[PDB]
A.B. asks: 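Handing you this structure, nothing more for now.
Just so you know, these numbers use all the heavy atoms, side chains as well, and skip hydrogens, waters and symmetry mates. In this chain, numbering begins with 1 at the start of the sequence shown.
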Amino acid sequence: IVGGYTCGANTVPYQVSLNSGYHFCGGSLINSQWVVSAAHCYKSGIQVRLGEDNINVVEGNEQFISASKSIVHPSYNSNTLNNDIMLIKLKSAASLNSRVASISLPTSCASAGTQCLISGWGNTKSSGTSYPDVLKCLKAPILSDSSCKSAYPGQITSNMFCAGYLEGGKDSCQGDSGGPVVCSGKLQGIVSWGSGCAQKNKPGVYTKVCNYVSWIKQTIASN
Ligand SMILES: [Ca+2]
């Protein structure tokens with residue numbers, strides 16, 4: 001997250017870290033057994049880390065649970081990032097509590113102009129590199145489809161939305177991929193892609209979770 005703020009320990013209790021020996025992507029807990037992330041975050045060997053604030057210090061509220069199964073969307077295209085969504089099943093159910101909590105899936109799709117909360121442990125620099133240990137947060141508005149398409153001609157599908165600031169300075173970034181975009185208390189987006197981070201005229205692009213609620217619900221009813 002570039003241009004964000006320190007969230008505050010466990011104030012984003014649905015945020016997970018995906019770990020393969022190191023943090024490599026975010027995700028969102030949607031019930032005690034399942035995480036939603038980006039398909040481009042797929043790796044074998046994932047441990048889900050819940051209740052994290054500093055990902056380099058064991059602070060006392062964490063639950064570390066191995067994934068049993070990952071399910072990349074059936075129509076995921078890694079070239080375009082169309083359908084950039086994945087489900088991860090945990091080997092055992094998380095214990096839900098004040099610091100480890102699920103986020104609601106949407107009923108309706110979010111509205112252009114709505115301010116959403118994006119979070120993660122990704123890079124905090126637009127130019128260069130610096131990875132935080134504690135979770136960072138950013139409030140960012142959803143941009144109109146027309147503005148999104150104009151920023152990324154020939155690249156935006158109806159399964160994507162842009163959010164952020166066209167002047168630059170504030171965005172998600174590498175290492176935030178797979179994490180939540182929460183708008184009116186529901187998971188509306190997944191950190192997916194963008195050209196650089198926090199550059200002018202190059203807002204973040206996010207998987208449009210409202211398009212996937214029927215796939216999510218039938219998949220979790222079946223696995
Ligand atoms: Ca920790």
A.B. asks: Which pair of heavy atoms, one from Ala198 and one from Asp171, lies closest together, and at what distance?
C.D. replies: N-OD2, 2.8 Å
A.B. asks: Which heavy atom in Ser75 sits nearest to a heavy atom in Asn83, and how many Å separate them?
C.D. replies: O-ND2, 3.0 Å
A.B. asks: Okay, side chain of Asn123, backbone of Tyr131: is any donor-acceptor separation there less than 3.5 Å?
C.D. replies: no
A.B. asks: Please identify each residue that fulfils side-chain hydrogen bond (donor to acceptor under 3.5 Å, both in side chains) with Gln155, with sequence neighbours left out.
C.D. replies: none
A.B. asks: Give a yes-or-no answer on whether the side chains of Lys89 and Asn223 include a donor-acceptor pair shorter than 3.5 Å.
C.D. replies: no
A.B. asks: State the CG-CG distance between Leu138 and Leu117, to the nearest 0.5 angstrom.
C.D. replies: 8.0 Å
A.B. asks: Has the side chain of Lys202 got a donor or acceptor atom that lies under 3.5 Å from a matching backbone atom of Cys197?
C.D. replies: no
A.B. asks: Could you measure the distance from the CG atom of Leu29 to the CD atom of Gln63? Nearest 0.5 Å is fine.
C.D. replies: 9.0 Å
A.B. asks: Assigning hydrophobic clusters by single linkage (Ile, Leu, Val, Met, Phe, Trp, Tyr; side-chain heavy-atom cutoff under 4.5 Å), is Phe24 placed with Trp193?
C.D. replies: yes
A.B. asks: Identify whether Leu87 and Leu105 are in the same connected component of the hydrophobic contact network (ILVMFWY, side-chain heavy atoms under 4.5 Å).
C.D. replies: yes
A.B. asks: Strictly distance-based, threshold 3.5 Å: is any side-chain N or O of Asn10 a donor or acceptor partner for the main-chain N or O of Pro13?
C.D. replies: no
A.B. asks: For the residue pair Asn82 and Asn159, confirm or rule out a side-chain donor-acceptor distance under 3.5 Å.
C.D. replies: yes
A.B. asks: To check you understand the geometry: which heavy-atom pair defines the closest contact between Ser28 and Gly179, and what is its length?
C.D. replies: OG-C, 4.4 Å
A.B. asks: Excluding sequence neighbours, so at least two apart, what forms side-chain hydrogen bond (donor to acceptor under 3.5 Å, both in side chains) with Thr6?
C.D. replies: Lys136
A.B. asks: Kindly state each residue pair satisfying side chain to side chain donor-acceptor pair (under 3.5 Å) with at least one member in residues 38-52, sequence neighbours excluded.
C.D. replies: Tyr22-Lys43, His40-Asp84, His40-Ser177, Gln47-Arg49
A.B. asks: Go through the steps for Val12 and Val182 under the test side chain to side chain contact (heavy atoms under 4.5 Å, CB included), then give the verdict.
C.D. replies: CA-CA 10 Å; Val12 189; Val182 165; over 6 Å; no
A.B. asks: Check whether any side-chain heavy atom of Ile85 sits under 4.5 Å from a side-chain heavy atom of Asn211, and report yes or no.
C.D. replies: no
A.B. asks: State, to 0.1 Å, how close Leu90 and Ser32 come at their nearest heavy-atom pair, and which atoms those are.
C.D. replies: CD1-O, 3.6 Å
A.B. asks: Between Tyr206 and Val191, is there a side-chain heavy-atom distance shorter than 4.5 Å?
C.D. replies: yes
A.B. asks: Mark yes or no for whether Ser144, through its side chain, and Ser147, through its backbone, hold a donor-acceptor pair below 3.5 Å.
C.D. replies: yes
A.B. asks: Just wondering, do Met86 and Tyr76 contact through their side chains at under 4.5 Å, heavy atoms?
C.D. replies: no
A.B. asks: Measure the spacing between CD1 of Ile118 and CD of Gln15 and express it to the nearest 0.5 Å.
C.D. replies: 11.0 Å
A.B. asks: Taking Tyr152 for the side chain and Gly194 for the main chain, is one N or O donor matched with an acceptor at less than 3.5 Å?
C.D. replies: no
A.B. asks: Does any non-hydrogen side-chain atom of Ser102 lie less than 4.5 Å from one of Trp34?
C.D. replies: no
A.B. asks: Nearest heavy-atom pair of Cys137 and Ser119: which atoms, and what distance?
C.D. replies: SG-CB, 4.1 Å
A.B. asks: Might you point out which heavy atoms bring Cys183 and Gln188 nearest each other, and give the distance in Å?
C.D. replies: SG-CB, 3.8 Å
A.B. asks: Quick one: do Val205 and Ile156 satisfy side chain to side chain contact (heavy atoms under 4.5 Å, CB included)? Show the steps, please.
C.D. replies: CA-CA 8 Å; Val205 188; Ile156 301 298; 3.9 Å; yes
A.B. asks: Can you tell me how far apart CZ (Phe161) and OG (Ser192) are? Round to the nearest 0.5 Å.
C.D. replies: 10.0 Å
A.B. asks: Check whether any side-chain heavy atom of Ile55 sits under 4.5 Å from a side-chain heavy atom of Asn19, and report yes or no.
C.D. replies: no
A.B. asks: Would a hydrophobic clustering, with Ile, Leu, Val, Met, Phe, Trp and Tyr connected at side-chain separations under 4.5 Å, put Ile46 with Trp121?
C.D. replies: no
A.B. asks: Evaluate the side-chain proximity of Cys116 to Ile142: yes if any heavy-atom separation is below 4.5 Å, no if none is.
C.D. replies: yes
A.B. asks: I need the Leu143 CG to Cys162 SG distance, nearest 0.5 Å.
C.D. replies: 6.0 Å
A.B. asks: Look at the side-chain heavy atoms of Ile, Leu, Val, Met, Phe, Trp and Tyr, link any pair under 4.5 Å apart, and say whether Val35 and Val213 land in one connected group.
C.D. replies: no
A.B. asks: What distance do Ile103 atom CD1 and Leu187 atom CG have between them, rounded to the nearest 0.5 Å?
C.D. replies: 6.5 Å
A.B. asks: Compare all side-chain heavy atoms of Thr124 with those of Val2 and state whether any distance is below 4.5 angstrom.
C.D. replies: no
A.B. asks: In the structure I gave you, are the side-chain heavy atoms of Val209 and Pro106 within less than 4.5 Å of one another anywhere?
C.D. replies: yes
A.B. asks: Determine whether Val48 and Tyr14 fall in the same hydrophobic cluster, where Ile, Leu, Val, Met, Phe, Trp and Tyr are linked whenever their side-chain heavy atoms lie under 4.5 Å apart.
C.D. replies: no
